[PDB]
Amino acid sequence: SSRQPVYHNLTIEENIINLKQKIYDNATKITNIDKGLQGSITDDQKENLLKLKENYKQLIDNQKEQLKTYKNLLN
């Protein structure tokens, strides 16, 4: 009534795919910020597009960390 490896793995796998979709979307977010950086923008604008870009890279950074831990867990 405790050891259920298949169950355990479907739960982890779902966590992994969802994590990968987040990384993909965050990566998308960054490529669009780049585009946004090429346009006609002030300096407050350029300033914040760069802060966001930094937040998304850090976000992606953790998620790849988690991804590692999740893959450890499997089984």
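Worth a mention:
- Radius of gyration over Kirkwood radius for the chain, both on Cα atoms: the Rg/Rh ratio is 1.23.
- Given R0 = 35 Å, the distance between the Cβ atoms of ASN15 and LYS57 translates into a calculated FRET efficiency of 0.95.
- The charge dipole of the chain, taken about its Cα centre with unit charges on the Cβ of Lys, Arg, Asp and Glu (plus for the first two, minus for the last two), comes to roughly 280 debye.
- Computed helical MRE - 222 nm, the chain, DSSP H runs ≥ 4 contributing -39500 (n - 2.57), nearest 500: -31000 deg cm²/dmol
- The angle between the Cα long axis of helix 5-38 and the main principal axis of the chain comes to about 10°, on a 0 to 90 degree scale.
Note that we place each Cβ from the backbone using ideal geometry, even for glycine, and neighbour counts take in every protein chain shown. Taken together, the values in this text are just the output of simple stated rules run on the coordinates, not laboratory data.
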